Structure formats: C-alpha cells, structure tokens
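In what follows, a single structure is set out as structure tokens and then discussed.
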Amino acid sequence: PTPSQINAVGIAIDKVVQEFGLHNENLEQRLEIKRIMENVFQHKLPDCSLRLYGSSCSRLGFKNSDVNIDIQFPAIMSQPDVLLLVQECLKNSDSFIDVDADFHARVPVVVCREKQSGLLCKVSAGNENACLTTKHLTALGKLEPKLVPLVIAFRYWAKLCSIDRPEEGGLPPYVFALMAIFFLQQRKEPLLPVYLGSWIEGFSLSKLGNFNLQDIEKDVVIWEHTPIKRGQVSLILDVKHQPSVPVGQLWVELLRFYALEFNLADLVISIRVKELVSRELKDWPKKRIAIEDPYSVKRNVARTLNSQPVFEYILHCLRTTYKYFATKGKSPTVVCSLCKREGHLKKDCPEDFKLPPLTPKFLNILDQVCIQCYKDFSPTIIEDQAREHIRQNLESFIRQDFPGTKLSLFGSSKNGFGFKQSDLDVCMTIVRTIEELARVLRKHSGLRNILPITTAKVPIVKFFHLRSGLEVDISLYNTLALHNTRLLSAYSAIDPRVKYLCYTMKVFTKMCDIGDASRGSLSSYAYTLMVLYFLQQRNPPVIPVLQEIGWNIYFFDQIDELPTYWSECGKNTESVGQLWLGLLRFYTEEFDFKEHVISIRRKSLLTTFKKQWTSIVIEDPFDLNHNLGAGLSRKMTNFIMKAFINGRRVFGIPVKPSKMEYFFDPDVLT
RNA sequence: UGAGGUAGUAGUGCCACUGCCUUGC
Ligand SMILES: O=c1ccn([C@@H]2O[C@H](CO[P@](=O)(S)OP(=O)(O)OP(=O)(O)O)[C@@H](O)[C@H]2O)c(=O)[nH]1
C-alpha cells in the first residue's frame with residue numbers, strides 16, 4: 001500500500017466514528033437512560049443490579065444501535081422470573097412504550113423503547129461472557145486508539161453489506177470485532193500480545209481446552225487453568241518501539257489478511273495462542289467460519305453461518321472491499337427457517353401457519369359419527385381377553401429365565417382409553433438387562449422379529465406376535481407411564497364425553513398417519529394431552545384439574561365425589577361433535593404453541609419460557625422437564641398442523657359408503 | 001435391525017451409500 005491513501009482512508013475511518021458512531025455525548029445519554037432504568041427498578045428490584053454492556057459500553061457500534069442492558073440478578077433470583085417482572089415493570093411504567101416480548105430469540109431478551117430518547121433497548125439476564133468480551137474490547141480500544149476506528153469501520157461495512165443481521169445468515173457484529181482484534185494479534189509486528197503465553201509452565205496445544213480467561217482486573221488479564229495454575233499477562237507489552245502506521249494501514253492489513261492471506265475455511269479465527277490452531281486439533285467443522293469467544297472455550301460463535309453460498313458471498317465482499325481499499329452489485333443469500341433455504345424471508349415462511357352456519361342436523365350427524373367410531377373401535381371383551389392372555393403368556397415364558405418378574409399392562413389396553421389396531425405396550429419390573437431380555441425373547445419361537453432399542457429415550461424391546469398378530473413393546477422398569485395413563489383413564493371415567501372425544505381424536509390421528517412415535521411424530525399420549533387441555537380450557541369447565549384440584553404423583557382419584565370438590569359440576573351442555581369442532585377451531589385458530597405449553601398439570605397457563613423450551617411443545621404433567629416434541633422436527637410439526645387444519649375444515653362445513661368413511665379420510669385430511 | 005442434523009465417496013435437481021452421535025415407550 002501507500003501512506004497517502006492510508007491517511008485518506010483514515011480520514012473516513014475517523015469520520016464514520018464521528019458520525020453514526022458512539023461519541024462521548026451518546027455514552028452519557030446511554031448512562032442517563034441506565035440511571036432512569038435504575039430508578040424504574042428501584043422499588044421492584046432493590047437486591048438486583050443493572051449493568052451496561054454491549055455496543056453501548058464498547059463504543060464499537062452506532063448511535064442507532066440498540067441499548068444493551070444486563071440484569072446481574074443475585075443467586076437467589078432466577079432468569080425467567082427476573083426477566084418477566086422486568087417486562088412487567090417496563091409495561092406499567094409510562095416512560096417506555098411498545099413494550100413487547102422477544103423471548104423467542106436465541107438470547108433471552110426483552111425489547112423496550114423510550115418515547116423521549118426514541119432509542120431501541122434490549123434487556124438481558126446472565127450472559128456474562130458478552131459483558132466480559134465487551135469490557136475487554138473497550139479496554140483494548142481505550143489503550144489502543146487505532147482499534148476503535150477499525151472495529152467501527154468493520155461494523156459499518158457489515159451493516160452496509162447486510163451481514164450484521166443474524167437472521168439473514170450473517171455473523172454477529174461482536175464476532176466481527178473479535179475477528180478484527182484477532183487480526184491485530186496475528187499480523188506481523190503485532191501490536192498486542194496473547195493472554196496465553198507458550199512460556200508459561202504446563203502449557204500444551206492439546207491443553208487449550210482446559211485453559212480459560214476469566215476477566216480483566218486492574219488492566220491485567222486474568223486466566224485460569226484446570227492444582228490450578230494462573231499466570232498474569234499485561235494487556236500491553238513493555239515495548240516503546242511499535243509501528244506508527246495510521247489506522248488506514250491497519251484496516252488495509254485486516255482486509256489483506258482476511259481476504260487473501262488467511263483461509264477462512266481451513267483454520268479457526270480464535271485468539272487463544274500465537275500458534276495457528278489446526279481445525280482438527282479442537283474438532284470443529286472445516287466447512288464454514290468457526291470462532292470461539294475468548295471467555296467461552298466451548299462455544300462456536302460462528303454458528304449463525306450455516307450456508308456455503310453465504311460463505312461465498314462474504315468472501316466475495318471481502319475481496320471486493322479489499323480491492324476498493326487497495327459491497328454492492330449483489331444480494332445476500334438470505335437463510336431462513338424453512339430447511340435453511342432462501343424461500344421467503346425468515347419473518348414469514350411457508351412452514352409457519354397463520355362457511356355456512358352450524359345446523360342441528362349436522363351437529364347430530366357429527367355426534368352420531370363420533371359415537372359410531374367409538375363403538376366400532378371400542379375394544380371388545382374378547383379383544384381385551386386376548387390382549388391380557390398374550391401378556392400373561394409372555395410373562396409366563398419370561399419367568400423361566402427371570403423368576404419373580406412382574407409384567408404389567410399399561411396404555412390403551414389397560415388403565416387407559418381403548419382402541420383397535422393399536423400397538424400394545426407393557427412394563428417390566430423385577431443396558432445389559434435389556435440385551436438379556438432381547439436375547440431371551442429371541443430364544444422364543446412364537447415371536448419371530450425382535451427390534452431392541454437401548455439408545456432411545458427409554459430402553460425398549462419390541463416384537464411382533466404371530467398368534468395374536470400384534471406389535472408388543474416392553475419397557476424396562478418404567479412406572480411413570482403407568483401413572484400418566486392412569487390420570488387420563490380417571491379423566492375419561494369422570495365423564496363419557498371425554499372418552500368419546502379421545503376416541504375420536506385417536507381415530508383421526510391413526511387415520512391421518514401422524515401417531516407413529518418411531519417415525520418421530522407425536523405419540524397418542526401427546527394427542528390425549530392436547531384433548532385433555534382443550535377439555536380443561538373450555539369456557540365451562542368440563543373436567544376439573546385432578547392435579548392441583550422423582551416427580552409429583554399425587555392427584556385426585558375419587559370419581560364418585562368429584563361434584564363435592566367441583567363447584568362448577570355439569571356446567572357444559574355442548575354435544576360431543578360440538579366439543580370436537582370446538583377443539584379443532586381452538587387448535588387451528590385462537591391458539592399458539594410458540595408462547596404456550598400444552599400442560600394439564602395446573603389450570604393456569606404456563607408460558608414456554610418458564611420451561612426454557614425456546615424452540616409444538618407438549619409438557620408431560622408428571623415429568624415437567626420431559627417434552628414429547630423434543631425429538632420432533634419442524635417438518636413433522638407442520639405436517640401435523642396441516643392435518644389438524646384439514647380436519648377442522650372438513651368437520652366445520654355442514655354437508656347434506658358410510659358416514660364413518662366420509663370423516664377421518666386419509667386422502668381428504670392429507 | 002429405523003426417521004432427522006454433520007465430514008466424505010466414483011459416474012454427473014444428478015442421490016445412493018458410508019465414520020460418530022442426540023433421537024427410533
Ligand atoms: O413421551 C412419552 C411418555 C409416555 N408415553 C406412554 O405411552 C402410553 C400411551 O401409549 P399410546 O400413545 S395410547 O400408544 P398405543 O399404541 O395407542 O397403545 P400402547 O400404550 O403403546 O400399548 C402412556 O402410558 C404414556 O405414559 C409415550 O408414549 N411417550
């Protein structure tokens with residue numbers, strides 16, 4: 001390069017800081033809004049304290065950039081409740097407006113805005129790594145005047161190039177500041193040292209994971225090793241001879257190093273040691289950019305980038321900006337929710353979702369269809385006898401190898417809703433034990449096909465019985481499911497309408513082929529939970545919450561005397577078909593699974609963030625942490641919701657070889 | 001002795017496989 005053009009570029013690099021960049025008055029205004037927020041939270045959050053973090057304290061962003069504030073709540077306080085009460089305080093307070101919930105984001109945040117300052121603000125909890133890295137960045141910038149303009153210019157280039165937005169597939173701006181400081185560290189005649197010195201005793205490349213950086217104290221970087229060895233490293237080496245090149249030289253060197261000298265798809269841009277760390281050493285993908293935060297040695301901050309076309313776009317932008325300084329003419333390959341595909345912007349995607357008046361004759365037809373389906377699919381006495389007989393035969397055969405073994409029936413067949421053409425599930429009581437059970441099952445001649453699974457959520461052995469022609473699965477010492485199905489059996493016994501509606505829902509799910517657990521779709525347990533939730537959420541209470549009328553297994557179990565403990569007894573007067581149509585309408589519309597969880601444990605609605613399941617969700621009433629949709633993909637969720645809306649459409653519209661076949665038709669519903 | 005994410009494989013959306021794993025009541 002040339003010094004004259006370097007100074008010319010530095011003029012603009014400083015101007016971009018002066019205009020559309022943080023300046024002392026802007027920092028003072030940010031401090032003032034922080035004091036105002038402290039005043040707002042004075043009475044409600046005296047124990048807790050507020051911290052200024054992010055671009056607001058880094059001075060590496062822009063005036064438009066949001067105001068990031070952190071809630072350093074004490075140990076007793078928890079992030080969910082603290083953030084929720086913060087949002088409530090923001091809502092009630094008149095200073096701020098348009099207070100909303102942004103909990104869906106990757107980082108738990110609350111969005112706010114002041115009608116006076118007119119600046120977007122975001123309140124977070126925890127996230128001490130971001131605060132630490134921002135503090136380090138601002139300390140280095142204050143120590144080195146060249147760093148701040150360079151990082152500001154990188155941020156502005158990212159914003160103009162559309163890579164700033166994480167949703168659009170671009171990498172976070174903080175990672176760009178980390179890239180800039182990494183370049184400052186690596187380049188020849190480095191201005192700054194690394195905080196992990198190879199000269200320190202007991203240091204090796206394979207030990208990099210053990211080493212970590214805690215925080216900067218007294219302008220000295222503190223790092224710990226996991227006896228414990230700690231070595232203090234000064235931020236600036238005691239060197240009086242350093243390059244005097246303007247900031248434009250640093251910017252051009254950054255562009256040269258990143259565009260040409262460095263292979264973004266070969267090594268990791270992480271500031272841990274001087275030695276160039278190979279990708280295979282720390283076991284990271286070589287496809288896309290990989291970076292590790294200095295204070296987080298087990299996090300890939302570049303996970304936002306997941307599209308090779310985006311990588312090519314970024315590389316082309318780097319090359320063209322380097323050529324210009326030695327940004328336009330193309331559109332970004334925006335990544336979105338739908339299978340990481342371009343499609344339509346992440347905001348709206350095809351996968352994301354959202355008649356004549358009802359007549360007595362159509363309602364009667366619907367009730368007739370529901371009751372007919374129940375009666376036809378109701379397990380016959382002979383069918384129940386056959387089921388218990390095959391279970392008894394299996395138990396007797398097993399007793400030969402495992403004396404004193406108890407084999408219990410659970411689910412639809414016993415202590416639950418009956419059904420036909422439904423797989424049989426049983427529980428065993430007394431990874432090697434499941435293997436022995438599978439082996440002894442293989443020894444049997446009756447059952448021929450056995451498919452054991454020990455890596456599933458629950459160990460299981462499933463096989464097909466020829467004599468009864470039934471798919472029988474056995475779980476190992478699983479007693480939670482017994483109580484789970486007993487609760488629903490009691491619910492059904494309370495009112496016949498519950499049983500009718502659950503039978504109808506099971507028929508619909510089985511006909512629509514969305515009730516196969518092994519394929520990843522929600523099991524019939526989830527659909528029973530959903531129908532029970534609708535039962536409890538009806539404007540009149542059809543069934544009171546038996547619960548709250550190594551987890552809680554206590555709930556009301558007295559069918560006869562429910563009215564005494566249930567003030568609103570017999571309040572609902574709707575028909576079975578009316579209940580089914582209402583459930584379909586409620587789930588298709590007027591309900592959202594993103595901000596709510598399908599839980600029948602308590603009457604009060606439970607928000608998703610309380611369970612921390614940011615990304616349909618169904619909560620097992622007995623196992624709060626367990627989620628039925630954890631192993632469910634987005635595609636299957638959208639298929640299930642499409643099936644539900646199709647069922648709502650077919651059932652809602654009145655119409656004037658059998659009535660059963662007209663409804664629950666797999667072709668019509670799919 | 002199966003559905004989804006992650007590196008790779010010769011012919012050329014060309015596609016089926018193969019190394020590991022959360023998920024396969
Ligand atoms: O995540 C879970 C937790 C529990 N269960 C357990 O599944 C049971 C309900 O089982 P179903 O969903 S009517 O399956 P079916 O084929 O209709 O009858 P089956 O029971 O397999 O003989 C019920 O006891 C519940 O506790 C799951 O299937 N998935």
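Letters for chains follow the order of the structure tokens (A, B, ...), residue numbers begin at 1 for each chain, and ligand numbers begin at 1 in the order shown.
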Ligand 1 neighbours within 6 Å using only C-alpha atoms (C1' of nucleotides) and all ligand atoms, as a count of residues only: 16
Quick one: which chain A residues come within 6 Å of chain B, and what is the nearest atom pair for each with the distance in Å to one decimal, counting only C-alpha atoms (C1' of nucleotides), rows ordered by chain and ascending number, as CSV?
```
residue,atom,partner,partner_atom,distance
A:451,CA,B:1,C1',6.0
A:518,CA,B:24,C1',4.7
A:519,CA,B:3,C1',5.0
A:631,CA,B:23,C1',5.4
```
Could the residues in this selection be written to a file with C-alpha atoms, as a PDB file, in the first residue's frame?
```
ATOM      1  CA  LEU A 451     -36.030 -54.950  17.296  1.00  0.00           C
ATOM      2  CA  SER A 518     -40.892 -44.238  15.979  1.00  0.00           C
ATOM      3  CA  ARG A 519     -41.201 -42.098  12.837  1.00  0.00           C
ATOM      4  CA  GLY A 631     -37.456 -35.431  19.121  1.00  0.00           C
TER       5      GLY A 631
END
```
Within 8 Å of range 25-28 of chain A using only C-alpha atoms (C1' of nucleotides), minus same-chain residues under 5 positions, as a PDB file with N, CA and C atoms, in the first residue's frame:
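Result file is selection16.pdb:
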```pdb
ATOM      1  N   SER A  56     -23.216  -0.358  23.626  1.00  0.00           N
ATOM      2  CA  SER A  56     -23.383   0.854  24.421  1.00  0.00           C
ATOM      3  C   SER A  56     -22.130   1.161  25.231  1.00  0.00           C
ATOM      4  N   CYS A  57     -21.537   0.139  25.849  1.00  0.00           N
ATOM      5  CA  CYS A  57     -20.310   0.308  26.613  1.00  0.00           C
ATOM      6  C   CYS A  57     -19.054   0.050  25.794  1.00  0.00           C
ATOM      7  N   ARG A  59     -18.430   1.134  22.668  1.00  0.00           N
ATOM      8  CA  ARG A  59     -18.110   2.238  21.766  1.00  0.00           C
ATOM      9  C   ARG A  59     -17.636   1.717  20.411  1.00  0.00           C
ATOM     10  N   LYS A  63     -24.929   5.047  16.884  1.00  0.00           N
ATOM     11  CA  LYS A  63     -25.958   5.662  17.716  1.00  0.00           C
ATOM     12  C   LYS A  63     -27.293   4.945  17.551  1.00  0.00           C
TER      13      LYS A  63
END
```
Sel. of alpha helix (DSSP H) residues, range 301-514 of chain A, as a PyMOL selection string: chain A and resi 308-325+360-377+381-399+432-443+480-494+496-512
For residue 420 in chain A: contacts at 9 Å, only C-alpha atoms (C1' of nucleotides), fewer than 3 positions along chain excluded, given as a list in words: residues 376, 377, 378, 379, 383 and 423 of chain A
Neighbour list for range 201-212 of chain A as a list in words, cut-off 7 Å, only C-alpha atoms (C1' of nucleotides), skip fewer than 4 positions in-chain: residues 223, 224, 225, 226, 295 and 297 of chain A
DSSP strand (DSSP E or B) residues within range 370-539 of chain A, as a VMD selection string: chain A and resid 406 to 410 424 to 429 449 to 453 460 to 465 470 to 476
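Between CA of residue 643 in chain A and CA of residue 588 in chain A there is a distance of 10.0 Å.
Residues with any atom within 6 Å of range 79-84 of chain A, counting only C-alpha atoms (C1' of nucleotides) and excluding same-chain neighbours fewer than 3 positions away, are residues 87, 125 and 610 of chain A.
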Straight-line distance linking CA of residue 486 in chain A with CA of residue 416 in chain A, stated in Å to one decimal: 6.4 Å
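Comparing A:437, A:89, A:472, A:76 by their smallest distance to residue 397 in chain A, the closest is A:437 (using only C-alpha atoms).
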Minimum-distance residue to residue 293 in chain A, chosen among A:136, A:602, A:596, A:648 (using only C-alpha atoms): A:136
